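Undergrad: The structure is given below, and queries will be raised subsequently.
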Amino acid sequence: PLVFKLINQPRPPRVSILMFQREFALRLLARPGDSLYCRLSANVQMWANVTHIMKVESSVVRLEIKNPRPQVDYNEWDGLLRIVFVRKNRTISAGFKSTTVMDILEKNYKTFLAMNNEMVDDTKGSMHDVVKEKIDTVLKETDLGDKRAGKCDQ
Amino acid sequence: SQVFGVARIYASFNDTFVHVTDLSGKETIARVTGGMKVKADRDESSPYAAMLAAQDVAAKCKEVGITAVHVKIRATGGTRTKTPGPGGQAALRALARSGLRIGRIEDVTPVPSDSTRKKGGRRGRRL
Amino acid sequence: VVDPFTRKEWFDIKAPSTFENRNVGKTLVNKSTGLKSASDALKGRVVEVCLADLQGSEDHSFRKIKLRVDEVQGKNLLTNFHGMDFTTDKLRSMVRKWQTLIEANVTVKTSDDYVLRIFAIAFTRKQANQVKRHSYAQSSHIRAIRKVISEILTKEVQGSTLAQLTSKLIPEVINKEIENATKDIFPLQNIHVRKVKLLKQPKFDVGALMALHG
Amino acid sequence: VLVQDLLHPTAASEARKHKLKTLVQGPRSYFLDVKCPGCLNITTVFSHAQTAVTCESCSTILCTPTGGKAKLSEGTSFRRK
Amino acid sequence: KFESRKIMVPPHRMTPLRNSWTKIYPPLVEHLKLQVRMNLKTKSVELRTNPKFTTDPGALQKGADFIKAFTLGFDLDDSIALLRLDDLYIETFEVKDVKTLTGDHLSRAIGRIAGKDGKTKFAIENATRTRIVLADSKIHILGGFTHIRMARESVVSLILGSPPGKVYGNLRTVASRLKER
RNA sequence: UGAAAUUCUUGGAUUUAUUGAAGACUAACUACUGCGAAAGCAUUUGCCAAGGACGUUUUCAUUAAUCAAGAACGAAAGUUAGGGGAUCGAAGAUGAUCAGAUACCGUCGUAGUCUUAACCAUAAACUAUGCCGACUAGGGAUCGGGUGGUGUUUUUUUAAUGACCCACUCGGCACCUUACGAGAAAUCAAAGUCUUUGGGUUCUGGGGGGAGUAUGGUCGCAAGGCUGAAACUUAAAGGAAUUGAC
């Protein structure tokens, strides 16, 4: 929430010059294949141009909010990246199938079908369907699923 | 002779319960706590507060008029310590001191045959 | 607002005929208003009592008899036998550290069609002329003694009825049968019947309770 | 134990040693001529009989195998060798 | 107006019982005015009070505490101080109540609580103004409620693997901050 | 809880009593012990298939010992796919606070902890002590088997069981002395029979770091495992025992 305060900041200011932890600044400007790379770098390079300037350990960074903000829902971006980056050492298919993620994302997906009126079948996922297998299939329907969180870009 | 009751003394590390019941576990007759007696947060389970609560219990039993009690002192049991503390000891000292009839002293502590995992972890729980 | 002891009600329980001192304890039933509900409250009463306090023997003889209360008649409450137990400190005084514990068990039906379960314990003693400071029995002896005790208990409880089981159970009959027939396998001591557990009861009977009262 | 004889051990001490561990090794067992009264007949039985040696005519178990030695039947005459 | 309590005797404690019985019973009979009987067959000490004796119902409880603490392995004079002082109580804990130990871990824990020649334990009893029975897996603490609490802190310090030197440091800290007040 | 604050409680918590469901464990008994190649194994009863020791006036007659190559098993944790999910609980989400009494802690809690089908192959996997074999002091306890006793007791009339006691014998797990001898010492009945140096055989090490690192090969989905350096740097790093001075 350190960087994230001045991302969603309404009436976005001109620049941002601030000094933080050097390890946290490495979390900022990390490239997509690191252990340094996590949710935060994809968030910032989605919504804020970032540059490291004059390392003071500590380090100073300059942030610029993209004033034509890219229309990506940061809430779903938050939840998706949070789930896939909590389990970075775990396979992506097994991580959605925990017990409660199969309940929390189940309720979130049926809330996501409240304005769609899709008939939840009796087949719903323990054998072949929406709780177990369809979430596995949507991963294989996008750039994800067998790729890992530290290999997919934004 | 006297009217026999059932006294039940629970001894948690923070608290002392004294609980007078009729025969067969019928209904609660006299029931106070060291917490509701002494307002000092240090003194929530002192032997002093236990004796005060036990004399309150004795007073309410004499208000009812029931004198004899079959007393069942009880530790935490389960996985914590299975010997009732000095709160229960001073409660017994007070119920003897208050002149109530004591039918039978028994130490009913729930002992597990074979316990599950405690809340101490591998390290040890407290201190 | 109002004290319950204003409306609280006082009753009196009485023990069955198999035992001596039938006048044991009284009851506080907090309402006399709903006497259907009061009768139902009295149907679910269970009193555990001492053997000594019920049979007048002054030695606080370490047992415990559970009595379920069933019927109501003019402040006097008719009871039924429900179980047997020891006290905890007796068993903790019994179990010692250089002798061998032997426990046996049996699932039981009794001639009054009661489903029951019976727990017997027996330790091992050491003889007069010992030099070993311990007396462990081989495990074949333990299987044999469990088998003998199981069969003795099974026949002894399938013969009798429930009150007949109680009447055998008071003067320590069954453990002397175990003492006799089990002596030929390994010499034992402290042979007792630890717990007795009702499991299932027949269709609801009343006249047997009145026979068990008088 | 400095100077003793091992060629000629005392027969009592030599009697207690293990079968394999004597001066010259050799068995501690023997044979028997037994007679059951129901036949008046000599049956030759080894002292450590591993099978139930039944008599010739009658179905009478003259000895049962129990651990080391065979337990003779009740009421049976015997003599060594 | 008699009142009768019975307490069992284990044979582990029965030999000091039958040795020091001649000092045990007369202060209960004379100095505390209680009727004291012994069934050596059932190993049962029977404390009953009569209308002859002084009506002190707390004296029966303190006599039961006397016989119980001697049964728990405590000394004669400490239990006589229990007959004198009221604020002295008994804690009793297990090793496995605090930390699960197995085999020689238990033995080494008991040795670290005791120390060589009891020098770890005895230095506790001087500095906690308590008395401790270290039973097989049981610990028994005898003293004031704050004092048995501090002894509980010390023994829980010892049982979790902490070295005895840190225990001496915390011990002299608690002793200095308690004797000053 | 050193101390305190979040949560729940007037619809009643906590505690008391009567029940019911779920899954996990197998206390005390439990050592002064047993089994298993080790890891490991403590409720009853049954089935199956093994195994040691003992006994043997049974059989074969060198069929053996140690083992690169190769092969099975291998705690805990961890990976994939089902089932389960009560306890506790790496992460996480959280209320914190009060002293420099150290860090705090506390409540919820996903993974996991439990099984099935597979993967992995590591421990202070220690008894820090390869395996086979002989010889060299005692002593008293036990565990399994066996041989004796005009022993003892339970007497069933005598017996026979059993159970103890005594004496002997194997085969164990342990103990306690000594020193003949060993060792630097603690200590060791083997760590002895070693300068008076040889029973057989497998593996390993050559001052300390750099470093179990780099690279290559191989095994694995992954995590990792096995194998495994040099450059460079340095006079100590150590093991055991001993004294008293902040």
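Ligands are numbered from 1 in the order shown, chains are lettered A, B, ... in the order of the structure tokens, and residues start at 1 in each chain.
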Hey, what's within 12 Å of residue 8 (chain D) if we count only C-alpha atoms (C1' of nucleotides) and toss same-chain stuff fewer than 3 positions away? As a list in words, please?
TA: residues 4, 5, 11, 12, 13, 14, 22, 23 and 24 of chain D
Undergrad: Using only C-alpha atoms (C1' of nucleotides), determine which residues lie at most 7 Å from region 52-60 of chain C, disregarding the query and same-chain residues fewer than 6 positions distant; provide the list as a list in words.
TA: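 Selected residues are residues 19, 20 and 21 of chain C.
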Undergrad: Save the residues we just selected, N, CA and C atoms, as a PDB file, in the first residue's frame?
TA:
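File produced: result-v2.pdb:
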ATOM      1  N   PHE C  19     -31.304 -51.839  46.790  1.00  0.00           N
ATOM      2  CA  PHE C  19     -30.401 -51.240  47.752  1.00  0.00           C
ATOM      3  C   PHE C  19     -31.122 -50.991  49.069  1.00  0.00           C
ATOM      4  N   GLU C  20     -30.334 -50.644  50.081  1.00  0.00           N
ATOM      5  CA  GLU C  20     -30.857 -50.538  51.439  1.00  0.00           C
ATOM      6  C   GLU C  20     -31.524 -49.189  51.677  1.00  0.00           C
ATOM      7  N   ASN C  21     -30.747 -48.117  51.586  1.00  0.00           N
ATOM      8  CA  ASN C  21     -31.174 -46.803  52.055  1.00  0.00           C
ATOM      9  C   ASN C  21     -31.821 -46.072  50.892  1.00  0.00           C
TER      10      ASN C  21
END
Undergrad: Nearest to residue 28 (chain D): which of D:51, D:69, D:1, D:44 is it, counting only C-alpha atoms?
TA: D:69
Undergrad: Report as a PDB file with N, CA, C and O atoms, in the first residue's frame all protein, DNA and RNA residues lying within 10 Å of residue 5 (chain B), evaluated on only C-alpha atoms (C1' of nucleotides), omitting residues in the same chain fewer than 6 positions from it.
TA:
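So the final result, stored in out.pdb, reads:
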ATOM      1  N   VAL B  20     -22.715 -24.319  42.775  1.00  0.00           N
ATOM      2  CA  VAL B  20     -23.580 -25.163  43.592  1.00  0.00           C
ATOM      3  C   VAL B  20     -24.807 -25.552  42.784  1.00  0.00           C
ATOM      4  O   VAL B  20     -25.477 -24.700  42.190  1.00  0.00           O
ATOM      5  N   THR B  21     -25.098 -26.848  42.762  1.00  0.00           N
ATOM      6  CA  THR B  21     -26.195 -27.417  42.011  1.00  0.00           C
ATOM      7  C   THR B  21     -26.966 -28.316  42.969  1.00  0.00           C
ATOM      8  O   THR B  21     -26.457 -28.705  44.021  1.00  0.00           O
ATOM      9  N   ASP B  22     -28.205 -28.640  42.618  1.00  0.00           N
ATOM     10  CA  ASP B  22     -28.948 -29.642  43.361  1.00  0.00           C
ATOM     11  C   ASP B  22     -28.467 -31.043  42.990  1.00  0.00           C
ATOM     12  O   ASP B  22     -27.478 -31.227  42.274  1.00  0.00           O
ATOM     13  N   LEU B  23     -29.177 -32.047  43.496  1.00  0.00           N
ATOM     14  CA  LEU B  23     -28.927 -33.419  43.083  1.00  0.00           C
ATOM     15  C   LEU B  23     -29.301 -33.595  41.617  1.00  0.00           C
ATOM     16  O   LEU B  23     -30.169 -32.888  41.097  1.00  0.00           O
ATOM     17  N   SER B  24     -28.586 -34.503  40.945  1.00  0.00           N
ATOM     18  CA  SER B  24     -28.719 -34.899  39.535  1.00  0.00           C
ATOM     19  C   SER B  24     -28.311 -33.795  38.570  1.00  0.00           C
ATOM     20  O   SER B  24     -28.658 -33.889  37.384  1.00  0.00           O
ATOM     21  N   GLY B  25     -27.585 -32.771  39.016  1.00  0.00           N
ATOM     22  CA  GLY B  25     -27.242 -31.656  38.152  1.00  0.00           C
ATOM     23  C   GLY B  25     -28.467 -30.865  37.734  1.00  0.00           C
ATOM     24  O   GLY B  25     -28.639 -30.550  36.552  1.00  0.00           O
ATOM     25  N   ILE B  29     -27.649 -23.044  41.874  1.00  0.00           N
ATOM     26  CA  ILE B  29     -28.163 -22.450  43.097  1.00  0.00           C
ATOM     27  C   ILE B  29     -27.346 -21.216  43.441  1.00  0.00           C
ATOM     28  O   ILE B  29     -27.873 -20.099  43.488  1.00  0.00           O
ATOM     29  N   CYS B  61     -26.011 -19.937  49.645  1.00  0.00           N
ATOM     30  CA  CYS B  61     -26.544 -21.242  50.019  1.00  0.00           C
ATOM     31  C   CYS B  61     -27.255 -21.184  51.362  1.00  0.00           C
ATOM     32  O   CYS B  61     -28.262 -21.871  51.567  1.00  0.00           O
ATOM     33  N   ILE B  66     -29.677 -24.476  51.977  1.00  0.00           N
ATOM     34  CA  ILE B  66     -29.029 -25.752  51.699  1.00  0.00           C
ATOM     35  C   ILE B  66     -27.629 -25.727  52.294  1.00  0.00           C
ATOM     36  O   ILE B  66     -26.837 -24.822  52.004  1.00  0.00           O
ATOM     37  N   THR B  67     -27.321 -26.713  53.136  1.00  0.00           N
ATOM     38  CA  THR B  67     -26.074 -26.706  53.895  1.00  0.00           C
ATOM     39  C   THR B  67     -25.061 -27.712  53.360  1.00  0.00           C
ATOM     40  O   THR B  67     -23.906 -27.358  53.108  1.00  0.00           O
ATOM     41  N   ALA B  68     -25.467 -28.966  53.194  1.00  0.00           N
ATOM     42  CA  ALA B  68     -24.527 -29.988  52.765  1.00  0.00           C
ATOM     43  C   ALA B  68     -24.274 -29.911  51.269  1.00  0.00           C
ATOM     44  O   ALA B  68     -25.159 -29.583  50.476  1.00  0.00           O
ATOM     45  N   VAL B  69     -23.038 -30.207  50.886  1.00  0.00           N
ATOM     46  CA  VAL B  69     -22.627 -30.213  49.489  1.00  0.00           C
ATOM     47  C   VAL B  69     -21.698 -31.393  49.262  1.00  0.00           C
ATOM     48  O   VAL B  69     -20.850 -31.703  50.104  1.00  0.00           O
ATOM     49  N   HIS B  70     -21.876 -32.068  48.131  1.00  0.00           N
ATOM     50  CA  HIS B  70     -20.874 -32.995  47.631  1.00  0.00           C
ATOM     51  C   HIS B  70     -20.007 -32.246  46.632  1.00  0.00           C
ATOM     52  O   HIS B  70     -20.472 -31.891  45.544  1.00  0.00           O
ATOM     53  N   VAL B  71     -18.752 -32.014  46.991  1.00  0.00           N
ATOM     54  CA  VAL B  71     -17.905 -31.085  46.262  1.00  0.00           C
ATOM     55  C   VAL B  71     -17.044 -31.853  45.265  1.00  0.00           C
ATOM     56  O   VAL B  71     -16.452 -32.889  45.594  1.00  0.00           O
ATOM     57  N   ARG B 101     -21.724 -27.683  55.708  1.00  0.00           N
ATOM     58  CA  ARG B 101     -21.547 -29.126  55.789  1.00  0.00           C
ATOM     59  C   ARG B 101     -20.917 -29.656  54.508  1.00  0.00           C
ATOM     60  O   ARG B 101     -21.372 -29.347  53.403  1.00  0.00           O
ATOM     61  N   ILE B 102     -19.853 -30.437  54.657  1.00  0.00           N
ATOM     62  CA  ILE B 102     -19.152 -31.046  53.533  1.00  0.00           C
ATOM     63  C   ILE B 102     -19.437 -32.539  53.559  1.00  0.00           C
ATOM     64  O   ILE B 102     -19.043 -33.234  54.502  1.00  0.00           O
ATOM     65  N   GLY B 103     -20.118 -33.039  52.533  1.00  0.00           N
ATOM     66  CA  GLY B 103     -20.398 -34.455  52.449  1.00  0.00           C
ATOM     67  C   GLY B 103     -19.204 -35.256  51.980  1.00  0.00           C
ATOM     68  O   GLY B 103     -18.741 -36.150  52.693  1.00  0.00           O
TER      69      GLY B 103
ATOM     70  N   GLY C  25     -31.168 -38.123  49.003  1.00  0.00           N
ATOM     71  CA  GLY C  25     -31.282 -36.863  48.288  1.00  0.00           C
ATOM     72  C   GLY C  25     -32.675 -36.333  47.999  1.00  0.00           C
ATOM     73  O   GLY C  25     -33.675 -37.044  48.131  1.00  0.00           O
ATOM     74  N   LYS C  26     -32.739 -35.063  47.598  1.00  0.00           N
ATOM     75  CA  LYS C  26     -33.977 -34.383  47.220  1.00  0.00           C
ATOM     76  C   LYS C  26     -33.692 -33.600  45.940  1.00  0.00           C
ATOM     77  O   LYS C  26     -32.605 -33.696  45.367  1.00  0.00           O
ATOM     78  N   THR C  27     -34.662 -32.815  45.468  1.00  0.00           N
ATOM     79  CA  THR C  27     -34.533 -32.154  44.176  1.00  0.00           C
ATOM     80  C   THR C  27     -35.092 -30.740  44.276  1.00  0.00           C
ATOM     81  O   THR C  27     -36.018 -30.473  45.041  1.00  0.00           O
TER      82      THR C  27
END
Undergrad: Need the shell around region 160-172 of chain E: protein/DNA/RNA residues with any atom at most 10 Å away, counting only C-alpha atoms (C1' of nucleotides). Skip same-chain ones fewer than 2 positions apart. Format as a PyMOL selection string?
TA: (chain B and resi 123-127) or (chain E and resi 95+98-101+105+108-109+112-113+115+120+123-124+127-128+150-151+153-158+174-178) or (chain F and resi 101)
Undergrad: Counting only C-alpha atoms (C1' of nucleotides), which of A:44, A:38, A:102, A:152 gets nearest to chain F?
TA: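 For chain F, the nearest of the given residues is A:102.
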Undergrad: Going by DSSP on the backbone, which bits of chain D are helix (DSSP H, G or I)? Write them as number ranges by chain, please.
TA: D: 11-16
Undergrad: Do you have the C1' of residue 231 (chain F)-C1' of residue 210 (chain F) distance handy?
TA: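 Computing it gives 9.7 Å between the two atoms.
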Undergrad: Would you kindly report the residues of chain E within 10 Å of chain B, using only C-alpha atoms, as an MDAnalysis selection string?
TA: chainID E and resid 3:6 55:62 65 86:101 145:146 148 152:154 156:157 159:161
Undergrad: Can those selected residues be exported to a file as a short mmCIF file (atom, residue, chain, number, x, y, z; two decimals), in the first residue's frame so that it contains N, CA, C and O atoms?
TA:
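Done, and the output landed in out_36.cif:
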data_model
loop_
_atom_site.label_atom_id
_atom_site.label_comp_id
_atom_site.auth_asym_id
_atom_site.auth_seq_id
_atom_site.Cartn_x
_atom_site.Cartn_y
_atom_site.Cartn_z
N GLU E 3 -16.62 -34.55 62.14
CA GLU E 3 -16.45 -34.41 60.70
C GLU E 3 -15.21 -35.20 60.31
O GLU E 3 -14.17 -35.05 60.95
N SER E 4 -15.35 -36.03 59.28
CA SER E 4 -14.37 -37.07 58.98
C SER E 4 -13.93 -36.96 57.53
O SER E 4 -14.78 -36.94 56.62
N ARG E 5 -12.63 -36.86 57.31
CA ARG E 5 -12.03 -36.94 55.99
C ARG E 5 -11.02 -38.08 55.98
O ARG E 5 -10.38 -38.37 56.99
N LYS E 6 -10.89 -38.74 54.83
CA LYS E 6 -9.90 -39.79 54.66
C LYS E 6 -9.00 -39.47 53.49
O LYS E 6 -9.44 -38.87 52.50
N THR E 55 -13.92 -25.87 68.17
CA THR E 55 -14.65 -25.76 66.91
C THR E 55 -13.90 -24.82 65.98
O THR E 55 -14.16 -23.61 65.93
N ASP E 56 -12.93 -25.37 65.25
CA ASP E 56 -12.19 -24.65 64.22
C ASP E 56 -12.31 -25.48 62.95
O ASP E 56 -11.52 -26.42 62.75
N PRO E 57 -13.29 -25.19 62.10
CA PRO E 57 -13.45 -25.99 60.88
C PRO E 57 -12.35 -25.76 59.86
O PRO E 57 -12.09 -26.63 59.03
N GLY E 58 -11.68 -24.60 59.91
CA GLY E 58 -10.50 -24.38 59.09
C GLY E 58 -9.29 -25.17 59.55
O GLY E 58 -8.39 -25.42 58.74
N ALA E 59 -9.25 -25.57 60.82
CA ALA E 59 -8.14 -26.38 61.32
C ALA E 59 -8.17 -27.78 60.72
O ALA E 59 -7.11 -28.37 60.49
N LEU E 60 -9.36 -28.32 60.47
CA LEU E 60 -9.47 -29.59 59.77
C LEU E 60 -8.95 -29.49 58.34
O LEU E 60 -8.27 -30.40 57.85
N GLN E 61 -9.23 -28.38 57.67
CA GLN E 61 -8.73 -28.17 56.32
C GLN E 61 -7.21 -28.01 56.31
O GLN E 61 -6.53 -28.55 55.44
N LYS E 62 -6.67 -27.27 57.28
CA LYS E 62 -5.23 -27.11 57.38
C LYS E 62 -4.54 -28.42 57.78
O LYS E 62 -3.41 -28.67 57.36
N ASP E 65 -4.44 -30.37 54.62
CA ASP E 65 -3.33 -29.83 53.84
C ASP E 65 -1.98 -30.31 54.37
O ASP E 65 -1.07 -30.58 53.59
N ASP E 86 -1.42 -19.47 56.67
CA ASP E 86 -2.51 -19.79 55.76
C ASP E 86 -2.19 -19.50 54.30
O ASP E 86 -2.64 -20.25 53.42
N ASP E 87 -1.40 -18.47 54.02
CA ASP E 87 -1.16 -18.01 52.65
C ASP E 87 -0.26 -18.94 51.84
O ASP E 87 0.02 -18.62 50.68
N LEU E 88 0.19 -20.06 52.39
CA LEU E 88 1.02 -21.00 51.67
C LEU E 88 0.13 -22.04 51.00
O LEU E 88 -0.77 -22.59 51.63
N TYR E 89 0.40 -22.29 49.72
CA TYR E 89 -0.41 -23.16 48.88
C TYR E 89 0.52 -24.10 48.13
O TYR E 89 1.75 -24.05 48.29
N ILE E 90 -0.07 -24.94 47.28
CA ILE E 90 0.63 -25.96 46.53
C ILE E 90 0.23 -25.87 45.06
O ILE E 90 -0.96 -25.96 44.73
N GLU E 91 1.22 -25.69 44.20
CA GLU E 91 1.10 -25.94 42.77
C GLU E 91 1.50 -27.37 42.47
O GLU E 91 2.33 -27.96 43.17
N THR E 92 0.93 -27.92 41.40
CA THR E 92 1.31 -29.24 40.93
C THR E 92 1.13 -29.28 39.42
O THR E 92 0.03 -29.06 38.92
N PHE E 93 2.22 -29.57 38.72
CA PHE E 93 2.20 -29.58 37.26
C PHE E 93 2.89 -30.82 36.73
O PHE E 93 3.59 -31.53 37.46
N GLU E 94 2.69 -31.07 35.44
CA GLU E 94 3.39 -32.11 34.71
C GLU E 94 4.41 -31.48 33.78
O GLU E 94 4.34 -30.28 33.47
N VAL E 95 5.35 -32.30 33.32
CA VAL E 95 6.31 -31.83 32.32
C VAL E 95 5.62 -31.66 30.98
O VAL E 95 5.78 -30.63 30.31
N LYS E 96 4.82 -32.64 30.59
CA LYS E 96 4.12 -32.62 29.31
C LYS E 96 3.01 -31.58 29.24
O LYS E 96 2.46 -31.37 28.16
N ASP E 97 2.65 -30.96 30.37
CA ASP E 97 1.73 -29.84 30.31
C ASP E 97 2.36 -28.64 29.62
O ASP E 97 1.66 -27.85 28.97
N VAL E 98 3.67 -28.48 29.75
CA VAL E 98 4.38 -27.33 29.19
C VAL E 98 5.03 -27.68 27.86
O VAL E 98 4.77 -27.02 26.85
N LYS E 99 5.89 -28.70 27.83
CA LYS E 99 6.59 -29.09 26.62
C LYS E 99 6.65 -30.61 26.55
O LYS E 99 7.00 -31.26 27.54
N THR E 100 6.30 -31.16 25.39
CA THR E 100 6.40 -32.59 25.18
C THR E 100 7.87 -33.03 25.14
O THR E 100 8.68 -32.49 24.39
N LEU E 101 8.22 -33.97 26.00
CA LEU E 101 9.56 -34.51 26.06
C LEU E 101 9.50 -36.03 26.05
O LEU E 101 8.51 -36.63 26.48
N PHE E 145 1.37 -17.29 47.17
CA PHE E 145 0.79 -17.35 45.83
C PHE E 145 1.64 -16.61 44.81
O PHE E 145 1.89 -17.11 43.71
N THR E 146 2.11 -15.41 45.17
CA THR E 146 3.11 -14.73 44.36
C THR E 146 4.40 -15.54 44.31
O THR E 146 5.05 -15.63 43.25
N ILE E 148 4.78 -18.91 44.71
CA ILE E 148 4.64 -20.10 43.87
C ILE E 148 4.48 -19.71 42.41
O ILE E 148 4.85 -20.48 41.52
N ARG E 152 6.90 -21.00 39.58
CA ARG E 152 6.39 -21.53 38.33
C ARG E 152 7.09 -20.89 37.13
O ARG E 152 7.40 -21.59 36.16
N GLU E 153 7.35 -19.58 37.20
CA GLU E 153 8.13 -18.92 36.15
C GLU E 153 9.53 -19.52 36.04
O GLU E 153 10.01 -19.77 34.93
N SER E 154 10.17 -19.79 37.18
CA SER E 154 11.52 -20.36 37.19
C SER E 154 11.55 -21.77 36.61
O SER E 154 12.44 -22.12 35.82
N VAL E 156 9.27 -23.20 34.61
CA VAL E 156 8.94 -23.16 33.19
C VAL E 156 10.12 -22.62 32.37
O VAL E 156 10.36 -23.07 31.24
N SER E 157 10.91 -21.71 32.96
CA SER E 157 12.18 -21.31 32.35
C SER E 157 13.12 -22.49 32.21
O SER E 157 13.73 -22.69 31.15
N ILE E 159 12.36 -25.69 32.12
CA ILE E 159 11.85 -26.86 31.40
C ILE E 159 11.93 -26.65 29.89
O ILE E 159 11.98 -27.63 29.13
N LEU E 160 12.00 -25.41 29.42
CA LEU E 160 11.99 -25.15 27.99
C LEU E 160 13.38 -25.15 27.38
O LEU E 160 13.52 -24.85 26.20
N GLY E 161 14.40 -25.49 28.16
CA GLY E 161 15.74 -25.63 27.64
C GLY E 161 16.68 -24.50 27.96
O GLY E 161 17.85 -24.56 27.56
#
Undergrad: Show me which bits of chain A are within 9 Å of chain F, counting only C-alpha atoms (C1' of nucleotides), as a PyMOL selection string.
TA: chain A and resi 86+89-91+94+98-101
Undergrad: How about saving the chosen residues, N, CA and C atoms kept, as a short mmCIF file (atom, residue, chain, number, x, y, z; two decimals), in the first residue's frame?
TA:
data_model
loop_
_atom_site.label_atom_id
_atom_site.label_comp_id
_atom_site.auth_asym_id
_atom_site.auth_seq_id
_atom_site.Cartn_x
_atom_site.Cartn_y
_atom_site.Cartn_z
N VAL A 86 0.80 -15.37 -4.04
CA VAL A 86 0.95 -16.03 -2.74
C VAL A 86 1.59 -17.40 -2.93
N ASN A 89 5.68 -20.77 -5.69
CA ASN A 89 6.33 -22.07 -5.77
C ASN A 89 5.37 -23.21 -6.08
N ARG A 90 4.07 -22.95 -6.09
CA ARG A 90 3.06 -23.96 -6.37
C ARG A 90 2.61 -23.86 -7.82
N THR A 91 2.24 -25.00 -8.40
CA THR A 91 1.63 -25.03 -9.72
C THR A 91 0.31 -24.28 -9.73
N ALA A 94 -3.07 -26.43 -9.26
CA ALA A 94 -3.34 -26.91 -7.92
C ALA A 94 -3.69 -25.80 -6.94
N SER A 98 -7.86 -25.23 -3.43
CA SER A 98 -7.35 -25.48 -2.08
C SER A 98 -8.38 -26.19 -1.20
N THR A 99 -9.25 -25.43 -0.54
CA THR A 99 -10.59 -25.86 -0.14
C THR A 99 -11.50 -24.64 -0.18
N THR A 100 -10.95 -23.55 0.37
CA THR A 100 -11.71 -22.33 0.64
C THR A 100 -11.62 -21.38 -0.54
N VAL A 101 -10.53 -21.46 -1.31
CA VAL A 101 -10.45 -20.76 -2.58
C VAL A 101 -11.50 -21.32 -3.54
#
Undergrad: For residue 71 (chain D), which residue among F:137, F:160, F:12, F:37 is the nearest when counting only C-alpha atoms (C1' of nucleotides)?
TA: F:160
Undergrad: Compile the contact shell of region 205-208 of chain C as a ChimeraX atom specification: residues with an atom at most 10 Å away, counting only C-alpha atoms (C1' of nucleotides), same-chain residues fewer than 6 positions apart removed.
TA: /C:70-71,80,112
Undergrad: Fewer than 4 positions away in the same chain doesn't count, so skip those; otherwise give me all residues within 12 Å of residue 149 (chain A), counting only C-alpha atoms (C1' of nucleotides), as a PyMOL selection string.
TA: chain A and resi 32-35+37-39+41-42+80-93+95+139+143-145+153-154
